[PDB]
Structures are given as C-alpha cells and as structure tokens.
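This report refers to the structure that appears directly beneath it.
Take a look at the structure:
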C-alpha cells in the first residue's frame, strides 16, 4: 500500500507518562474525524491527530478519576467521549451497533465470522470504524474515492510493521483493494503482534454530527 507516516507515535516521550502509549482508542477516533474532513492527510496532520488524541485521553481519564471510575489503562468503547473537537470543528459521536468476530476461527455457532469476512462491511455497509484486537486499536475506513485504509498510532515502520526502534511512527496506509488491506491487517495482528486465530476483535462503526 501507499503510506503516510507521522513524525512520531503515541508512545513518544513528548506525551506525559499519565497518557503515554494509552491513547490509541482516542487517537483512532480523532483520526476518523480529521480524515472525514479531508482524506488527503499529510504527515503533519497525523502528528496533529496524535496531539489532539492524547489531549482527549487525558481529559477523559481525568473525568473518570474524579468520578472514581478509572481502573484500567486503555479506554474501551464505552468510555470514549461523546463529543470531539478537531482543529476548527466540533462533532457529536454516533456509536453504531458493534460487530464482533475472530481473527481466523469461525466457531460453529455461525453468527460471528472471521476478520476477512466481517470487514466486507466496509464495501458499502459503513465507512468509518474503530477496530480493537488484543489490546490494540486502529481506525479503518473506506474513503471518498472508494479506497480502503487504516491508521495505526503505535510504533510502526512506514510499511506498517511493528518496530521497537525510536524511528517508529504512526502511519496511515491506503489500499486500492479491500482484500489487500485484510492481508496487511492479518500480518499486523498475527505476524507482528502474534495474536492467535481465536483472538476476538471488536469493531465500532462511528458517524459524526457537526455542532460547528
């Protein structure tokens, strides 16, 4: 795929240890709002996503701590904010019914399918979604010109592989064919992150209502 790389990733030391490397669900949500405003994001736009997403995480964490509802580190879909601000715009978040499945397994239950077949919903069924699997969250999308892609706020090489080197950055990867993106996502989840065939993934389609 084609790649746009940020200059850094969410574990960068510029983020306070309070939020460092815990912001991915917020970064994925912020990405989908910014990408909806403009598909052709530049590297500096992804940097801005990481900055605003970290700020959102810190605000939500503070809110739940004042309410005594903070125990774990990565915010789940239930703890995501209901409103989000980009550069100049503000949106209410519409959470749609979640989809669940397994990376490769397809239990005889029948209802839940594997990742490849579940993500077929991106052809028309929906355009923007958060994808959580094995404690890692990414954003997946179908863009205005019918391309498929995802945004990964973790430490990645330009081609989307995990790296522990300080050269790793967040990346957005864009594909002409959905099948190519599915293969890449399986390389990420099962190759780089070593997640097993029976690992469950959680898909949250989101839409945005502009409130200026």
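In PDB author numbering, the protein residues as written are 0, 300 to 321, 601, 323 to 510.
Every residue gets a Cβ at the ideal spot worked out from N, C-alpha and C, and that includes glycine.
Anticipated Cβ contact below 8 angstroms, residue i with residue j, distance rounded
i           : j           : result
residue 428 : residue 435 : 6 angstroms
residue 312 : residue 355 : Their Cβ separation, rounded to whole angstroms, is 14 angstroms, which puts residue 312 and residue 355 out of contact at 8 angstroms.
residue 426 : residue 369 : Actually they are not in contact, since the Cβ atoms of residue 426 and residue 369 sit about 29 angstroms apart, beyond 8 angstroms.
Assigned exposure category for residue i - 16 Cβ within 10 Å defines buried
i           : result
residue 398 : exposed
residue 508 : exposed
residue 442 : exposed
residue 486 : buried
residue 325 : buried
residue 306 : buried
Residue i versus residue j: straight-line alpha-carbon distance, rounded
i           : j           : result
residue 477 : residue 0   : 12 angstroms
residue 349 : residue 406 : 43 angstroms
residue 499 : residue 410 : 10 angstroms
residue 455 : residue 465 : 8 angstroms
residue 304 : residue 457 : 12 angstroms
residue 314 : residue 334 : 28 angstroms
residue 491 : residue 383 : 31 angstroms
residue 463 : residue 418 : 34 angstroms
residue 338 : residue 488 : 29 angstroms
residue 480 : residue 352 : 28 angstroms
residue 448 : residue 332 : 13 angstroms
residue 386 : residue 496 : 42 angstroms
Coil, strand or helix - residue i by DSSP
i           : result
residue 336 : coil
residue 357 : helix
residue 304 : coil
residue 451 : strand
residue 321 : coil
residue 311 : coil
- Message: Could you tell me which whole alpha helix (DSSP H) segments of length 4 or greater appear in the region 457–507?
- Response: Fully enclosed alpha helix (DSSP H) runs of 4 or longer: 476–484.
- Message: What ranges does the beta strand (DSSP E) occupy inside the region 361–449, keeping only unbroken runs of at least 3 residues that lie completely in it?
- Response: Listed in chain order, the complete beta strand (DSSP E) runs (minimum 3 residues) inside the region 361–449 are 381–383, 388–393, 397–400, 426–431, 434–440.
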